[PDB]
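Novice: Below you'll find the structure I mean.
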Amino acid sequence: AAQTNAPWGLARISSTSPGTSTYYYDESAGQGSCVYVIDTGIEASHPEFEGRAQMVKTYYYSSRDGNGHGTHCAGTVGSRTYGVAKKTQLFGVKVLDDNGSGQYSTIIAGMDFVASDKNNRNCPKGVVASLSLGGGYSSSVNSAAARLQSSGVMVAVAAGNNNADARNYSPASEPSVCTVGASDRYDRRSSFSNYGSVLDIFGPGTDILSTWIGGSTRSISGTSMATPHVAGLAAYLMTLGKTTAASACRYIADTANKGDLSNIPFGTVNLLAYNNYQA
Ligand SMILES: [Ca+2]
Ligand SMILES: [Ca+2]
């Protein structure tokens, strides 16, 4: 398959060079895979999801996404125009309120929930979880993200938008999960991107066009927008039988784009997510 005039983030994942505008992906598009989107929830009624998005849990009182953050990142995972795993099943767990805030107890309970409701769903190819939140260091949310990864889920988390070492932030500094940095249009490190040895992979995170609440589309930039690129890539890769949730992150790093990024500090990886699809 091939999508013309794609968002720069989609085309970059299917490329060895920046600047391309066509996104090349296998026709499977990650069908049979599930990606839990742990954010502000998802607006399931968006025409870009096509019944593939679903609100399965809210830790507030309404499954609405009255923020737009969670609908944007879920769009990058597997919507029609802006998703990398265009046929995946999107499950929306709402740990962030309509302001983008969220207590660690709520974020932890959301990860503990995904690991259980995973067994109540039909995901033959496997399960993915994209946690594009980020707070200060916590031993317990690092522990909760590891429990999600150990339970059989590919866990992609945001590196943080602090321009510092991601070792001070959670769940980013959890070694078991996949910490995703953000890159911009020209294969530079995003000016907000966290770095450090904790990061496992980079993704398009600057000016990422995706869906938005109210049936709209808009671009926002953050490592929280680069994370869904790796979530959908892991989903799209596990559908191909190329990798397993337990090692999707390491497989993406093995088959990434080596040394293409600039502004990478010393000790941080220089890998850009690459689906390696060749038609
Ligand atoms: Ca998001
Ligand atoms: Ca490297």
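Here chain A follows Swiss-Prot for its numbers: 106-384, in order, are the residues you see.
Structure method, as recorded: electron crystallography, 2.8 Å.
Positions of Cβ are set from backbone N, Cα and C atoms, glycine also.
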Novice: Need a hand: Swiss-Prot gives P280, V282 for Ca(2+) 1, which of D270, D292, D305, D312 is also on that list?
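Specialist: Answer per Swiss-Prot: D305.
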Novice: So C139 is in a disulfide according to Swiss-Prot. Which of these is its partner: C178, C228?
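Specialist: So the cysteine that Swiss-Prot bonds to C139 would be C228.
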Novice: Candidates are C178, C283. Which one does Swiss-Prot pair with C354 through a disulfide bond?
Specialist: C283
Novice: Between the recorded positions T121, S329, where is the Cβ count within 10 Å the lowest?
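Specialist: Output over recorded positions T121, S329: least Cβ neighbours within 10 Å is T121.
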Novice: What is the total of other Cβ atoms whose distance to the Cβ of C283 (disulfide bond) is within 10 Å?
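Specialist: Step by step: centre on the Cβ of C283 (disulfide bond), count other Cβ atoms within 10 Å, giving 28.
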Novice: Can you give me the Cα-Cα distance between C354 (disulfide bond) and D365 (Ca(2+) 2 binding site) in Å, rounded to a whole number?
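Specialist: Given the Cα positions, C354 (disulfide bond) is 19 Å from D365 (Ca(2+) 2 binding site).
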Novice: Sort out the sequence-distant neighbours of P280 (Ca(2+) 1 binding site) for me: same chain, 6+ apart, CB within less than 8 Å of its CB, listed by position.
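Specialist: Non-local contacts for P280 (Ca(2+) 1 binding site): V303.
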Novice: Cβ within 8 angstroms of the Cβ centroid of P280, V282, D305: which residues besides those meet this for the Ca(2+) 1 site?
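Specialist: Near the Ca(2+) 1 site, the remaining chain residues are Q254, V260, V262, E279, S281, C283, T284, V303, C354.
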